[PDB]
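Consider the single chain below, provided in structure tokens and representing the form deposited in one PDB entry.
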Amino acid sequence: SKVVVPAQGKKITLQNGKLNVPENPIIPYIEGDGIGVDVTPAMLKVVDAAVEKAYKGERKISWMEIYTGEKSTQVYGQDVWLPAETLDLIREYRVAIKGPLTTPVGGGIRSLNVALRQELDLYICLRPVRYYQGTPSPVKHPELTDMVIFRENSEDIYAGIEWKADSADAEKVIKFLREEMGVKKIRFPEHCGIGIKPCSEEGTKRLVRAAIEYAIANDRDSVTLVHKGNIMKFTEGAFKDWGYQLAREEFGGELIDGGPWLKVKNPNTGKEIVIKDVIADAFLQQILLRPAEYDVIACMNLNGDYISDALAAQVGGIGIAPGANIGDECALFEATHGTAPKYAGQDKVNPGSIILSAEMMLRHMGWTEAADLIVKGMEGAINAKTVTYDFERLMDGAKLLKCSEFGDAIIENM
């Protein structure tokens, strides 16, 4: 209704579990607030150059701007932060990409990024983190990290189920817990906020299934379920058990030694994938001390959030980390950093996160060639030390490029 659909261009189609991508697909993009105004132009330009180069003019993306966040209120009016037609247009065109998003405080508005994930049921937050050679790192051996994070997106304490201290609601549920359920375990029941943490069987088996499948499809070496199950037995500990059960039941997993670890034979390469588990706080220690031992990771919403932010910091990629939210019916690729308003409009932030999310988008579309040209470009620009301000501070002998120019530097190394 305020989105203008491209006259040239054809909708991607879902013909039962498989994308049928035309040569001129319409892709919805959300520009993003803050520095989205800098990074999203850089991404449209390098993706265009990568499909122009890989398919020699046969394929072309018809980009369609849709709205969410601060720009949505400037287009539809001050009150609409998430238009109902963004949800419909992402549902319809199947794959979309977005920049950083501002959620307002003061108006009872819950996180717009988590709202897109939940409203569209994009239950997989996929976070690949690997080291790009030559980026400045705080650790001695960043090259040892090559992990892919499957974070569950639709349950955990992120479901937003909570009531304020001293609200009627809070008083009411605390009353139910103490009188009807007999909980004598709340230390101070007055002036007390309450949050609900759900974890279901369906919720964890659909995310773990996608994790093992990813591991078979890419011949990864192991799947690690991380959980804090010693303290949370019926939510986090239920996640590890349902995950091992699904590896037994659906993938024909077998005990290594006398457990708990399983082996799943890859039906294509013949190799064995270890299904193991580690407690979440020991895992935060293990990615730093023994990163080469881990590969595909499956975990719940909050842990997945902490794990990927932590891992993206140790490989030097807080600003070049890609991400995707994948459901059964659509997928949303995204800059995983914030809107950083102080730099907005200055053409200086790193466009690397949304560009590498666009290569995840292209690879998902089946446009592997265009996608390999982007990570080729990326490795070469970073190796050339022809780099953005955030990388140049920490490097010696680098050439400082604006946001837009690092875009050109990715095209030059293609």
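In case it trips you up, residue 1 is the first one in the sequence shown, and so on.
Mean Cα B factor from the PDB record: higher for 87-95, or higher for 116-124?
The recorded data point to 87-95.
Comparing 51-59 with 352-360, which has the greater mean CA B-factor as deposited?
Of 352-360 and 51-59, the stretch with the higher C-alpha B-factor average is 51-59.
Tell me which of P291, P136, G259, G237 tops the list for C-alpha B factor in the record.
So the option with the highest C-alpha B-factor is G259.
Going by the deposited entry, which of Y343, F283, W242, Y158 has the highest CA temperature factor?
Highest C-alpha B-factor among the listed options: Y343.
Among all modelled residues of this chain, ranked by Cα B factor, put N268 in the bottom, middle or top third, i.e. lowest, middle or highest.
It falls in the top third of the chain.
What third of its chain's C-alpha B-factors does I320 belong to: lowest, middle or highest?
Within its chain, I320 is a middle-third residue by C-alpha B-factor, going by the deposited values.
For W367, does the deposited CA B-factor place it in the lowest, middle or highest third of the chain?
It falls in the bottom third of the chain.
When the modelled residues of the chain are sorted by Cα temperature factor, does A7 land in the lowest, middle or highest third?
For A7, the deposited C-alpha B-factor lands in the highest third.
Would the CA B-factor of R220 place it in the lowest, middle or highest third of its chain?
For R220, the deposited C-alpha B-factor lands in the middle third.
Separately, the form deposited in another entry exists; it is not shown, and the next lines address it.
Kindly check if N266 and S137 were placed in the same rigid part between the shown form and the other one?
Both residues go with the same rigid part.
Considering a change of 3 Å or more, are the Cα atoms of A217 and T368 closer or farther in that other deposited form than here?
It is closer: in that other deposited form, the C-alpha atoms of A217 and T368 lie at least 3 Å nearer than they do here.
Are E92 and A217 closer or farther apart at the Cα level in that other deposited form than shown, by 3 Å or more?
Their C-alpha distance shrinks by at least 3 Å in that other deposited form.
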